[PDB]
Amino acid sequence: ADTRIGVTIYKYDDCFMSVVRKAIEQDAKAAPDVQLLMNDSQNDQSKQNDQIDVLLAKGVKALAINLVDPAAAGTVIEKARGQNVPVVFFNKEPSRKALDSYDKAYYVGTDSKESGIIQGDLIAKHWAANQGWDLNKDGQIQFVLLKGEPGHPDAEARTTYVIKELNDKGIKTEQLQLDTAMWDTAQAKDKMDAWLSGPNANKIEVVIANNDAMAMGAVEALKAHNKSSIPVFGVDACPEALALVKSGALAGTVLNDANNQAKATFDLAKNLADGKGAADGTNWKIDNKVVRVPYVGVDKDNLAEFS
């Protein structure tokens, strides 16, 4: 009969996870034997926990879980273990210890630091090509940074590695501001607006955001202050962001490959639901229960390949 797979998305109103959610539903449409039970956890781990209980009570044969809280992986694993059901975590990466605590736990995502390195290289390229961006002519990038959720592996790695990569390439940096905007456009717009309204706003040379949603908020705040001359960099290559790379409102971004992350999540979940090896009949390379999908930098010079 039909194989039910339970899926939780941490919040449907996340740009990137909306792409992933839709892609996984398209993938399921192409598997006549599988029924997806899709849940919006509304950015609340307690809601997600209850949703998982309901899915397990409905007899799902696998779970695909996009955690609200990464630290809740253990909690979720113990729920799955109660039914001896496999779980494919995706996009918010559990700790190695959590993954190793249950032989039926897997993870699909990315090499988080790669996105930071790529973003840093993009900034380095554009900085070298636009020395007018060095407003105070000190040879250093005076930056502000809009961080994702504290503790989220992508937020932590993108924040560390964008700056490390710039510095390693011989570009000194001065952090003027850094705060979280929780992956959200409105929070980022308000934070950027505050920074532009504070004393020494005039020192800001480059805006770095851990994702496109926050970058797009910054773009709007810059526009409101007639400061669009300041470049903004993001991560994801969300559809709206690519339009802004085209228009010049966004200086660069980094494709976070939602389509392939969705496909790997679905393929592994379906195999595990069927009691097969996770990668059976696929080309996915699973390394110690993890699949990582490459990022790719995007700017006007290669936009034609992504538009």
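In this text, residue numbers run from 1 along the sequence as written.
> As stated in the PDB record, which stretch has the larger average Cα B-factor, 195 to 203 or 83 to 91?
Replying inline: Going by the record's values, the stretch with the higher mean is 195 to 203.
>> I need to verify one thing: averaged over C-alpha atoms only, is the B-factor higher for 55 to 63 or for 25 to 33?
In response: The deposited B-factors put 25 to 33 ahead on the C-alpha mean.
> Of the options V298, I9, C15, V293, which has the highest CA B factor as deposited?
Replying inline: Highest CA B-factor of the listed options: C15.
> From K227, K113, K147, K172, which pick has the Cα B-factor that tops the rest in the entry?
Replying inline: Highest C-alpha B-factor among the listed options: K172.
>> Which third, lowest, middle or highest, does the C-alpha temperature factor of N210 belong to within its own chain?
In response: Its C-alpha B-factor, which the entry lists for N210, ranks in the lowest third among residues of this chain.
>> Split into thirds by Cα B-factor across the chain's modelled residues, where does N256 land: lowest, middle or highest?
In response: For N256, the deposited C-alpha B-factor lands in the lowest third.
>> Where does the C-alpha B-factor of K137 rank in its chain, lowest, middle or highest third?
In response: As the PDB entry reports it, the C-alpha B-factor of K137 lands in the highest third of its chain.
> What third of the chain, by the recorded C-alpha B-factor, contains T282?
Replying inline: Highest third.
>> Taking only the Cα B-factors deposited for this chain, tell me whether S46 sits in the lowest, middle or highest third.
In response: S46: CA B-factor falls in the middle third of its chain.
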